[PDB]
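Chemist: Residue numbers (PDB author numbering), protein chains in the order written: chain 6, 14 to 164, 171 to 304; chain V, 150 to 191, 201 to 233, 235 to 239, 242 to 282, 288 to 289, 291 to 303, 318 to 480, 483 to 500, 505 to 536, 539 to 589; chain W, 392 to 444, 447 to 507, 510 to 527, 529 to 533, 535 to 547.
Beta carbons are placed, not taken as given, at the ideal position from N, Cα and C, and that holds for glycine.
Sharing a structure with you now.
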Amino acid sequence: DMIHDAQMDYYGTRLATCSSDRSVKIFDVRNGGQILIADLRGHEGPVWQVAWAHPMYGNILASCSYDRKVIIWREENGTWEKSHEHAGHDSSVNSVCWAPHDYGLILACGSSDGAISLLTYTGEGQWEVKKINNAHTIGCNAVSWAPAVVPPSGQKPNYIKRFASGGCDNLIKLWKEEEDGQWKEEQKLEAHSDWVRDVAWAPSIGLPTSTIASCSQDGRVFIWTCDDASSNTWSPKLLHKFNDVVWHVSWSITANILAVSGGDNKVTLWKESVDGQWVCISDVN
Amino acid sequence: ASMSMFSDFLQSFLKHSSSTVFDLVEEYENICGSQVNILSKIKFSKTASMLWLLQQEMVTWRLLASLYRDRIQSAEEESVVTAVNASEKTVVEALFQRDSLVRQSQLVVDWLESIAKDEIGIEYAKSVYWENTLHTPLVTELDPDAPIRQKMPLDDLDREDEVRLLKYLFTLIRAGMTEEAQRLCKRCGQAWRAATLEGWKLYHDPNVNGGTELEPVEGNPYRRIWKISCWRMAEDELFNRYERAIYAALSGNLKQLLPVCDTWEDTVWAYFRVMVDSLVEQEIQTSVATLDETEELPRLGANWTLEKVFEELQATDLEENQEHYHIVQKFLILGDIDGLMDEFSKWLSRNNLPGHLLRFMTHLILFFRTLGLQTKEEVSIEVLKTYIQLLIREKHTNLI
Amino acid sequence: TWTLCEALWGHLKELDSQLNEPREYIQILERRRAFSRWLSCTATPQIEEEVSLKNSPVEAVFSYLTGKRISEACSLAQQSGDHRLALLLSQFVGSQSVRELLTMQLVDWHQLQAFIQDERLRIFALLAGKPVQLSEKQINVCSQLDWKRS
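Dropping the structure here:
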């Protein structure tokens, strides 16, 4: 009936999907034509968001759900079996996301109980979890990774390893893997008057002016900005407000165009003008 | 006056001609250590870089002395005879004496622990454990299992204090500060946690195990069960990130949350520990020391060689392994020391870029031959030759 | 009666050669081993019946111990989620001085400890080494179990 989230594969070859019928379908789009390939069923409740891991680790795809469980489906010659499953949270799991391929193969999941698990991949079928309890007050909805940014020897840089995240408390808390090992909330961002729906960490076009977008029940979309590296300054700026809720927000890769999904079943595109004010470039559909 | 450093190393040589061999390396350790201090205490930020390099040199000599003393000094002592009745503890002892290869790994581990960073002891420690939760009454049962048993009762504040405790005990364990660890555990008020630590020792009975007759019997007879229980415990989530790490170490397994900040030495440490833990148990199993009942869970039976240890560690921590002196450390551990010496010499015909490295190889070769006629004569001359030339550039012809 | 009398009274032979003095040590262990094993035989139906009725996870772990089966109790503890307790359990059959720390835990508890599980305490009483001669006695248990069981 109604799908929730569906994301294209890297190298634009597949297209995983999931709807409230608890079915994770993986289609294939060669030439523009859709063609199913498997219907991974396994959630006691509707699937929420879904994300493809980086081809560098073979072919992986994870899906979270209202069943409080998250699944990771590997692939071995057409063998779409699940190599691992995680049920560490007590309430539904609104979102998942993968850490930039350099950190390794880390997966972030925000539940509705107000927590956040972080599955890290080891040598074999072993997955150690780094959980953060009471991250948001009433639960969490969004989880986005901060772009992998590199900091006299041939080493593999220790990254800042940050990742934002909105929730039901209206706060968009940023996070940072402390040198020791655990994550701490580097900062809070309270600009929304109701539930934060989604939070997307725009990719850095090599540019240091890292941005982040958010949309919430109030029907406003903010593009929080940081003027420089290392200054704990996030100054929100209003994109627009619709009389209805905004459900999703995503960043287009090159221009940094924002796809604003929400309001009237309509989706909008925005590009920040040479003036600083954001505009609607067109209406989709 | 730091320039006079050359004097100290060479200075040792002077005394050596007059005297004995081993102390020379020992002094090399002391000397570089002293130098580490001077550049360290007060200085241009540039010195810090040079400083650490000296510290590393100090460590390298220490490791150097330790390994050779064992290898060379080794005078074959009597064998040990065990019997089936003897305890596991005796068997382990025997394994260590007999297997020089494994013991050497131990020597390295001791070394790694010796140079381990420890945080300063937790300051305003809470008078009692989980006081907050008790205060805010919610704790039906005080025991540590209560939260494992059920959901959300612990207070945030309590969970935070545990995070400091378990992080500190952990660093202590890596250090090898087991006794202090126990001390903290007792005083902290965590008797239970303390008990698990006690599990470390194997069972020895002075009565039956005559060879090391102590006074009381000590250790736990069902070590395998203890080991697995700890292992199983470590896996169980809802535990501290540093708590699960400690059990992992005890189990002889690896961790992830903590090893994110795991450095080369630390990572080297954790991995070797696995090798040892596995090695002992296999030996015990061959001896039929273990009982079938104990084998509750599966464990990773295979053990990598030391060579693989470095190689794999080398892949994750390529910076510290690519270090000039660090490669030497590994080199010594493998034992193929001479190989690099000749190898390195060929680089001289970017060694030149590091100042210390050229000096290092030289004193090292000189030391080797004295303890054991070793390195090639050709290499010695080429090295000494290049080094002497530096002495003139330095304008300290006097000592040449 | 004859069998028990034998285990205690009859001389025990040790086939293996040994140094000497420890032989007495080994011999006692053997006799102790046989004797304790035998008691478990008699107690077994009684214990098992009780476990079958127990409506808890923890009490049985205790009950297994009465059975003199450490491993099963440890396993149950592991399953029950009582991970910490499980490790401590393995200590049993360990004459180790661990007893003192444990008694300390019990002492600390019975000097405040508004809450500790009744059964968990019992397990601690056991590791203490003096189960019935200490304060936090399983003397009361006397009515419940066979004198032999105790």
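Quick one: is residue 188 (chain 6) near chain V, going by C-beta distance under 7 Å?
Modeler: No, no contact with chain V.
Chemist: Using the Cα positions of residue 427 (chain V) and residue 347 (chain V), report the straight-line distance between them to the nearest angstrom.
Modeler: If I take the Cα positions, the gap works out to 8 Å.
Chemist: Looking at C-alpha atoms only, which residue of 586 (chain V), 526 (chain V), 542 (chain V) and 588 (chain V) is the closest neighbour of residue 290 (chain V)?
Modeler: In the structure shown, chain V runs from 289 directly to 291, leaving residue 290 (chain V) without coordinates.
Chemist: Along chain B, which residues have their Cβ under 9 Å away from the Cβ of residue 455 (chain V)?
Modeler: Of the chains in the structure shown, none is chain B; the protein chains are 6, V and W.
Chemist: Distance check for residue 214 (chain V) and residue 178 (chain V), CA to CA, integer angstroms please.
Modeler: Cα to Cα, residue 178 (chain V) sits roughly 10 Å from residue 214 (chain V).
Chemist: Answer yes if the stretch 52-72 of chain 6 comes into contact with the stretch 81-97 of chain 6, meaning at least three C-beta pairs across the two stretches below 8 Å, and no otherwise.
Modeler: Taking 8 Å as the limit for Cβ pairs, the verdict is that the stretch 52-72 of chain 6 does touch the stretch 81-97 of chain 6.
Chemist: Can you confirm whether the stretch 139-158 of chain 6 touches the stretch 174-189 of chain 6 when touching is taken to mean that 3 or more C-beta pairs between the two stretches lie within less than 8 Å?
Modeler: Yes, the stretch 174-189 of chain 6 is in contact with the stretch 139-158 of chain 6.
Chemist: Using 7 Å as the threshold, is the C-beta distance between residue 407 (chain V) and residue 380 (chain V) below it?
Modeler: Contact: yes.
Chemist: Which term fits residue 486 (chain V), buried or exposed, when burial requires 16 or more other beta carbons within 10 angstroms of its beta carbon?
Modeler: So residue 486 (chain V) ends up on the buried side.
Chemist: Using a Cβ-Cβ cut-off of 7 Å, state whether residue 418 (chain V) counts as contacting chain 6.
Modeler: Yes, contact with chain 6.
Chemist: How many angstroms separate the CA atom of residue 399 (chain V) from the CA atom of residue 530 (chain V)?
Modeler: Distance between the alpha carbons of residue 399 (chain V) and residue 530 (chain V): 50 Å.
Chemist: Would you check if the stretch 541-548 of chain V and the stretch 294-302 of chain V touch, i.e. whether three or more CB-CB distances between them fall below 8 Å?
Modeler: Too few Cβ pairs lie closer than 8 Å, so no.
Chemist: Got a sec, what are the start and stop residues for the beta strand (DSSP E) residue 164 (chain V) sits in?
Modeler: Here residue 164 (chain V) belongs to no beta strand (DSSP E); instead the alpha helix (DSSP H) covers 154-167.
Chemist: Taking the C-alpha atoms as reference points, what is the distance between residue 281 (chain V) and residue 506 (chain V)?
Modeler: Near 27 Å, if we compare the C-alpha coordinates of residue 506 (chain V) and residue 281 (chain V).
Chemist: What does residue 510 (chain W) touch in chain V if you count any residue whose Cβ is under 7 Å from its own?
Modeler: Result: 320, 321, 322 and 323.
Chemist: Does the CB of residue 340 (chain V) have a neighbour CB from chain W at under 7 Å?
Modeler: By this cut-off, residue 340 (chain V) is not an interface position.
Chemist: Along chain V, which residues have their Cβ under 9 Å away from the Cβ of residue 507 (chain W)?
Modeler: Chain V residues near residue 507 (chain W): 301, 318, 320 and 323.
Chemist: Give the C-beta separation of residue 468 (chain W) and residue 401 (chain V) to the nearest angstrom, bearing in mind that I take them to be a contact with Cβ-Cβ under 8 Å.
Modeler: With a Cβ gap of about 17 Å, residue 468 (chain W) and residue 401 (chain V) do not count as contacting.
Chemist: Looking at the strands, I want to know which residues DSSP matches up with residue 299 (chain 6).
Modeler: Its beta-bridge partners are 289 (chain 6).
Chemist: State yes or no: is the C-beta of residue 588 (chain V) within less than 7 Å of the C-beta of residue 159 (chain V)?
Modeler: The answer is yes: Cβ separation under 7 Å.
Chemist: Using DSSP's beta-bridge definition, name the partner residues of residue 190 (chain 6).
Modeler: For residue 190 (chain 6), which the question treats as bridged, DSSP gives the partners 209 (chain 6).
Chemist: Suppose you measure from the CA of residue 528 (chain V) to the CA of residue 569 (chain V); what does that come to, to the nearest Å?
Modeler: Going from the Cα of residue 528 (chain V) to the Cα of residue 569 (chain V) covers about 9 Å.
Chemist: Can you grab the Cα-Cα spacing for the pair residue 166 (chain V) / residue 422 (chain V), in whole Å?
Modeler: Their Cα atoms are separated by approximately 54 Å.
Chemist: Measuring alpha carbon to alpha carbon, tell me which residue in 169 (chain V), 246 (chain V) and 222 (chain V) is nearest residue 405 (chain W).
Modeler: Comparing Cα positions, the closest option is 246 (chain V).
Chemist: Under 8 Å: do the stretch 470-487 of chain W and the stretch 421-436 of chain W share three or more Cβ pairs, one atom per stretch?
Modeler: Contact fails: fewer than three Cβ-Cβ distances are below 8 Å.
Chemist: Buried or exposed: which applies to residue 508 (chain V), given that a residue is buried once 16 or more other Cβ atoms fall within 10 Å of its Cβ?
Modeler: When all chains shown are included, residue 508 (chain V) counts as buried.
Chemist: Going along the chain, which residues of the stretch 460-480 of chain W sit with their C-beta nearer than 7 Å to a C-beta in chain V?
Modeler: So the close ones are 463, 464, 467, 468, 471, 474, 475, 476, 477, 478, 479 and 480.
Chemist: Using a threshold of 7 Å, state whether the C-beta atoms of residue 236 (chain 6) and residue 266 (chain 6) are closer than that.
Modeler: It is not a contact, given that the beta carbons lie outside the stated cut-off.
Chemist: List the whole-angstrom C-beta distance separating residue 576 (chain V) from residue 551 (chain V), where the pair is believed to meet the contact cut-off of C-beta under 8 Å.
Modeler: About 5 Å; that satisfies the 8 Å criterion.
Chemist: Beta-carbon of residue 506 (chain V) versus every beta-carbon of chain 6: anything under 7 Å?
Modeler: So, interface residue.
Chemist: Counting only Cβ pairs nearer than 8 Å, list the residues of chain V close to residue 495 (chain W).
Modeler: Residues of chain V passing the Cβ test: 372 and 376.
Chemist: Name the chain 6 residues whose beta carbon is nearer than 7 Å to that of residue 442 (chain V)?
Modeler: Those within 7 Å of residue 442 (chain V) in chain 6 are 198, 199 and 200.
Chemist: Starting from residue 296 (chain V), follow the beta strand (DSSP E) in both directions and report where the run begins and ends.
Modeler: Where residue 296 (chain V) is concerned, there is no enclosing beta strand (DSSP E), given that its DSSP letter is neither H nor E.
Chemist: Around the C-beta of residue 476 (chain W), are 16 or more other C-beta atoms found within 10 angstroms, so that it is buried, or is it exposed?
Modeler: Under this definition residue 476 (chain W) is a buried residue.
Chemist: Answer yes or no: the CB of residue 57 (chain 6) versus the heavy atoms of the ligand PLP, is any distance below 6 Å?
Modeler: Of the ligands one can find in the structure shown there are none, so the ligand PLP has no counterpart to examine.
Chemist: Going by the DSSP bridge assignment, what does residue 278 (chain 6) pair with across the sheet?
Modeler: Answer is 269 (chain 6) and 288 (chain 6).
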